[PDB]
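We begin with a single chain expressed as structure tokens, specifically the form deposited in one PDB entry.
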């Protein structure tokens, strides 16, 4: 029993390193150059990894996990018993593989053109229209156009995807795919936990929603904005209305206090994509944390290719499973937004390197949310006026008005995201559990878009529309609740790391730069990887075991007070009692 289990673990680990390393590069070649050849080679490398997973997964299932003495060994074998997609019969496996590939390619090659012959890709073209245009009709063209081309074209694949991913999940002992996804957190109370955490941030979100709805009322006209209704989903400076910081100019609390154009400030002093990752590297090393290998700089795709290549532009960070080769792939634009994104990517990279000496089965974040949180934590300190001024991207800081402005900028990004990141997998769990059918995909999406976010589609939805398909993580099959957890827990990390750094006074003024006390708590948690249940890693960073929104609420507390006063003086109905309103 016990000695065979130890040998199995070792054999699995060394062989997976080879098989997963070979898969990583084939997958990289498809991502950095979408062709029919790299698509073929990947689908073939899917079959080799499936063979490995099946061989070792079948053998792991003959071990009684219950009889196993060693805790680490027992936790590995149990994980290896989950074949995931490899549990599918050969014919379904290759269909599910082609489906996943066809959804990725469809999303990534989608363009939106005018009759004049000019066509727009999502990054950077449609993305810039969403962020900078203040014309109702232009935003609507980019918003509808993206959903017409990407969303609609994903719909032919999705019901077959749901069937196959669910089947593989049943074959691994789960009730459905969303059940398999939720189990990554190892928390039976998970749904309740997240629901409570969502309700905690309701008052702060409803007040932000009401404040911004008024500002859109000012700008876009009383005829197009309902002050008791949902906000049209194309007016928030982002394609999915998931973050609202790009319309900051429309909502500035104190316009008498102008802040530098951080983007033109980056362009003015000749910031590059390379510079942005070099600065993220520096923030990571300032904490006493690992620098990126030299190899990283030679192998990563830090900017969008210009040699006429078709790519997956939605960013990702890569582990090639040898402990040396880690890469980022980003279609980077020189702005504050992608500087924050670069840090997110470098936190994934830092995580790979921190747990690189664990068995591969344990080479994961404490939970998926821990992995998304790490780069966002540093980025919170980066985005402070103090630190931005030190990068020469600002000129100051000080007055309670600059404070409210900075906090508003932060809330338009962080608070606005809470209902959205909660939504996606609420929709998807109900698609997976069978309660939402292909008949109700879209209607149920907008039902939740209304309920949680207070948004309405600017144009009524017709038959054949599949608006979830216009969002990366859906055709790409990436779980989303990881980002909801991340946004809550990053402020907990921030609060506790600020305490270690000896920050007194308001949390939003904290800048953990160069703190070896902050660095030590992240490194100690990250080195665990997936070895222990996550409340341990949570305890190690924050001195306690639970997820809480209190650290986030504390950070925005001065904004909540300002929003309440400001909304109360404008007589705003919080929420959307007239929910059925459509523009």
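Shifts are known only where both forms have a C-alpha. Residue numbers count along the first chain shown, from 1. For clarity, a rigid core is taken as the largest C-alpha set superposing within 1.5 Å between two forms.
Participant: I'd like to know whether residue 272, which is modelled here, goes unmodelled in a third or more of the other compared entries that cover its flanking residues.
Facilitator: No, none of the compared structures omit it.
Participant: When the other entries of this protein are compared, is residue 398 unmodelled in at least a third of them?
Facilitator: Residue 398: unmodelled in a third or more of the comparison entries.
Participant: What does the record say about the segment between residue 269 and residue 270: how many deposited residues are without coordinates (none, 1 to 3, 4 to 9, 10 or more)?
Facilitator: Gap between residue 269 and residue 270: none.
Participant: Give the stretch, out of 94 to 102 and 111 to 119, with the larger mean C-alpha temperature factor in the deposited entry.
Facilitator: Higher of the two, by average CA B-factor, is 111 to 119.
Participant: Once you work out the mean C-alpha B-factor for both 437 to 445 and 295 to 303 from the entry, which is higher?
Facilitator: Going by the record's values, the stretch with the higher mean is 295 to 303.
Participant: When you compare the CA B-factors of 539, 51, 548, 554 as listed in the entry, which one comes out on top?
Facilitator: In the PDB entry, the greatest C-alpha B-factor among 539, 51, 548, 554 is found at 51.
Participant: Looking at 524, 70, 531, 544, which one carries the largest C-alpha B-factor according to the PDB entry?
Facilitator: Each of 524, 70, 531, 544 was compared by C-alpha B-factor; the highest is 70.
Participant: What third of its chain's C-alpha B-factors does residue 261 belong to: lowest, middle or highest?
Facilitator: For residue 261, the deposited C-alpha B-factor lands in the highest third.
Participant: Taking the chain's C-alpha temperature factors as the reference, tell me which third residue 395 falls into: lowest, middle or highest.
Facilitator: Highest third - that is where residue 395 ends up once the chain's C-alpha B-factors are sorted.
Participant: Lowest, middle or highest third: where is residue 343 by C-alpha B factor in its chain?
Facilitator: Lowest third - that is where residue 343 ends up once the chain's C-alpha B-factors are sorted.
Participant: Using the temperature factors of the C-alpha atoms in this entry, rank residue 321 within its chain: lowest, middle or highest third.
Facilitator: Highest third.
Participant: Check where residue 195 lands among this chain's C-alpha B-factors and tell me if it's the lowest, middle or highest third.
Facilitator: Middle third by C-alpha B-factor.
Although it is not shown, the form deposited in another entry is what the next lines describe.
Participant: With the core superposed, a Cα shift of 2 Å or more between this form and the one not shown singles out one residue among 188, 159, 305, 89. Which one is it?
Facilitator: Only 305 moves by 2 Å or more at its C-alpha.
Participant: When the two forms are laid on each other by their rigid core, does residue 35 show a Cα shift of 2 Å or more between this form and the one not shown?
Facilitator: For residue 35, whose C-alpha is compared between this form and the one not shown after core superposition, the shift is 2 Å or more.
Participant: After the core is matched up, is the C-alpha of residue 217 off by 2 Å or more between this form and the one not shown?
Facilitator: No, the C-alpha moves less than 2 Å.
Participant: Take the rigid core as the frame of reference and indicate whether the C-alpha of residue 430 shifts by 2 Å or more between this form and the one not shown.
Facilitator: It does not reach a 2 Å shift.
Participant: Could you list, in sequence order, the stretches of three or more consecutive residues moving 2 angstroms or more at Cα between this form and the one not shown on a rigid core superposition?
Facilitator: Once the cores are aligned, runs 29 to 44, 304 to 314 are those whose C-alphas move by at least 2 Å.
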